[PDB]
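Data first, discussion second: the structure below is written as structure tokens.
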Amino acid sequence: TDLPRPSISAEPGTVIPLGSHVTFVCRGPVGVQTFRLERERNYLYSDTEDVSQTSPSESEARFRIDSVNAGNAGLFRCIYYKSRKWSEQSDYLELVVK
Amino acid sequence: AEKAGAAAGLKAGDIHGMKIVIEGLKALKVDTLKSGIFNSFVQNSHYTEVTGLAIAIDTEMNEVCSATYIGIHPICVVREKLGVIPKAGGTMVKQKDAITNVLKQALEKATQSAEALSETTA
Ligand SMILES: [Pt+2]
């Protein structure tokens with residue numbers, strides 16, 4: 001039941017102009033029950049229970065903001081909850097607003 | 001004479017049972033929410049409705065402490081005390097359940113403190 005390290009990516013990019021949308025993608029193994037997007041301060045997070053099977057071995061969740069402002073910029077990382085235990089956290093991603 | 005004593009004891013026990021739990025709510029910083037739930041509870045009394053206050057506290061906190069939110073809000077720090085920040089390999093712990101355990105501690109605090117001053121007056 002060791003849970004693999006998840007990963008974060010940002011679509012369409014790491015750098016977004018003010019007012020545009022961006023989407024954080026958390027990917028992990030199959031069967032994750034909850035995904036959590038976290039900022040640098042651990043107490044600021046979003047949980048979601050919609051996970052989509054991308055692959056027979058992977059699953060993913062999406063957190064979108066419809067338009068950025070300078071308060072959205074910072075470090076972001078994921079954790080997932082599957083099979084009675086929380087996972088390890090992913091590496092940080094920095095999204096910057098222009 | 002007995003009636004008036006029971007009524008005065010009920011009044012004293014209500015007013016005193018609420019103060020300890022207002023300490024409880026401002027420990028959670030129900031103070032900083034701009035909905036105004038805190039001020040509303042203090043104006044309307046009815047202290048043992050505190051578990052009611054619980055569910056709104058969750059909804060609002062979820063909205064204002066999300067990774068999406070624009071700006072920083074003082075209430076978010078209280079989550080660490082609630083225990084909803086997870087160590088790797090730990091159980092999930094639901095925020096609403098932690099909030100209800102905080103204010104159940106507050107409410108049984110209040111009831112057994114009010115039971116003494118109900119009997120004290122008479
Ligand atoms: Pt859960």
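Ordered as shown in the structure tokens, chains take letters A, B, and onward, while each chain numbers its residues from 1 and ligands are numbered from 1 in the order shown.
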
To check your reading of the model: which residues sit at most 12 Å from ligand 1 when counting only C-alpha atoms and all ligand atoms? Write the answer as a PyMOL selection string.
(chain A and resi 32-36+47-49+80-86) or (chain B and resi 84+86+90-97)

Just to be explicit: take each residue in the selection above, keep C-alpha atoms, and write the result as a PDB file, in the first residue's frame.
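Once everything was written out, this is again_37.pdb:
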```pdb
ATOM      1  CA  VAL A  32      -7.304   7.909  -5.479  1.00  0.00           C
ATOM      2  CA  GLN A  33     -10.419   9.031  -3.615  1.00  0.00           C
ATOM      3  CA  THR A  34      -9.527  12.665  -2.860  1.00  0.00           C
ATOM      4  CA  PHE A  35      -7.150  15.174  -4.419  1.00  0.00           C
ATOM      5  CA  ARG A  36      -5.937  18.287  -2.577  1.00  0.00           C
ATOM      6  CA  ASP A  47     -10.242  19.249  -1.903  1.00  0.00           C
ATOM      7  CA  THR A  48     -12.054  17.524  -4.757  1.00  0.00           C
ATOM      8  CA  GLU A  49     -13.554  14.056  -5.102  1.00  0.00           C
ATOM      9  CA  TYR A  80      -4.049  12.584  -2.605  1.00  0.00           C
ATOM     10  CA  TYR A  81      -5.960  10.334  -0.258  1.00  0.00           C
ATOM     11  CA  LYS A  82      -6.333   6.709  -1.341  1.00  0.00           C
ATOM     12  CA  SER A  83      -6.844   3.439   0.514  1.00  0.00           C
ATOM     13  CA  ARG A  84      -7.024   4.705   4.141  1.00  0.00           C
ATOM     14  CA  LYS A  85      -3.856   6.847   4.001  1.00  0.00           C
ATOM     15  CA  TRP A  86      -2.785  10.290   2.765  1.00  0.00           C
TER      16      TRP A  86
ATOM     17  CA  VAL B  84      -6.924  18.714   9.262  1.00  0.00           C
ATOM     18  CA  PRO B  86      -2.176  15.693   7.122  1.00  0.00           C
ATOM     19  CA  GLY B  90      -2.184   9.689   8.194  1.00  0.00           C
ATOM     20  CA  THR B  91      -5.946   9.262   8.408  1.00  0.00           C
ATOM     21  CA  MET B  92      -8.245  11.763   6.815  1.00  0.00           C
ATOM     22  CA  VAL B  93      -9.899  13.971   9.413  1.00  0.00           C
ATOM     23  CA  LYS B  94     -12.973  15.887   8.311  1.00  0.00           C
ATOM     24  CA  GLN B  95     -12.983  19.612   9.125  1.00  0.00           C
ATOM     25  CA  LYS B  96     -16.661  19.690  10.060  1.00  0.00           C
ATOM     26  CA  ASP B  97     -16.065  16.850  12.511  1.00  0.00           C
TER      27      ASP B  97
END
```

Report as CSV the residues of chain B within 6 Å of chain A, each with its shortest atom pair and distance in Å (one decimal), using only C-alpha atoms, ordered by chain and increasing residue number.
```
residue,atom,partner,partner_atom,distance
B:65,CA,A:44,CA,5.0
B:66,CA,A:45,CA,4.8
B:67,CA,A:45,CA,4.5
B:70,CA,A:71,CA,5.4
B:71,CA,A:71,CA,5.6
B:76,CA,A:43,CA,5.9
B:88,CA,A:88,CA,5.1
B:89,CA,A:85,CA,4.7
B:90,CA,A:85,CA,5.3
B:91,CA,A:85,CA,5.4
```

Write the residues of the selection above to a file with N, CA and C atoms, as a PDB file, in the first residue's frame.
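Contents of result-v7.pdb, freshly written:
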```
ATOM      1  N   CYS B  65     -10.611  29.698   2.621  1.00  0.00           N
ATOM      2  CA  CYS B  65      -9.266  29.154   2.895  1.00  0.00           C
ATOM      3  C   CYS B  65      -8.853  28.290   1.702  1.00  0.00           C
ATOM      4  N   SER B  66      -9.634  28.308   0.619  1.00  0.00           N
ATOM      5  CA  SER B  66      -9.352  27.475  -0.533  1.00  0.00           C
ATOM      6  C   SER B  66      -8.060  27.922  -1.210  1.00  0.00           C
ATOM      7  N   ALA B  67      -7.504  27.026  -2.025  1.00  0.00           N
ATOM      8  CA  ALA B  67      -6.313  27.361  -2.802  1.00  0.00           C
ATOM      9  C   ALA B  67      -6.631  28.377  -3.881  1.00  0.00           C
ATOM     10  N   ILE B  70      -8.711  34.675  -3.298  1.00  0.00           N
ATOM     11  CA  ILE B  70      -7.927  35.869  -3.605  1.00  0.00           C
ATOM     12  C   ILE B  70      -7.638  36.578  -2.290  1.00  0.00           C
ATOM     13  N   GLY B  71      -6.390  36.515  -1.845  1.00  0.00           N
ATOM     14  CA  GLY B  71      -5.982  37.157  -0.615  1.00  0.00           C
ATOM     15  C   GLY B  71      -5.917  36.182   0.547  1.00  0.00           C
ATOM     16  N   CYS B  76      -7.723  31.069   8.479  1.00  0.00           N
ATOM     17  CA  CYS B  76      -7.124  29.853   7.900  1.00  0.00           C
ATOM     18  C   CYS B  76      -6.122  29.198   8.856  1.00  0.00           C
ATOM     19  N   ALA B  88       2.044  12.607   5.976  1.00  0.00           N
ATOM     20  CA  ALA B  88       1.980  11.504   5.025  1.00  0.00           C
ATOM     21  C   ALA B  88       1.644  10.212   5.756  1.00  0.00           C
ATOM     22  N   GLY B  89       0.730   9.438   5.183  1.00  0.00           N
ATOM     23  CA  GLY B  89       0.342   8.176   5.777  1.00  0.00           C
ATOM     24  C   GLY B  89      -0.737   8.282   6.831  1.00  0.00           C
ATOM     25  N   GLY B  90      -1.159   9.503   7.188  1.00  0.00           N
ATOM     26  CA  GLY B  90      -2.184   9.689   8.194  1.00  0.00           C
ATOM     27  C   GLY B  90      -3.614   9.484   7.691  1.00  0.00           C
ATOM     28  N   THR B  91      -4.517   9.329   8.659  1.00  0.00           N
ATOM     29  CA  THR B  91      -5.946   9.262   8.408  1.00  0.00           C
ATOM     30  C   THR B  91      -6.444  10.583   7.824  1.00  0.00           C
TER      31      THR B  91
END
```

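In this structure, CA of residue 24 in chain B sits 20.7 Å away from CA of residue 85 in chain B.
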
Measuring between only C-alpha atoms, which one of B:4, B:35, B:53, B:61 shows the shortest distance to residue 74 in chain B?
B:61
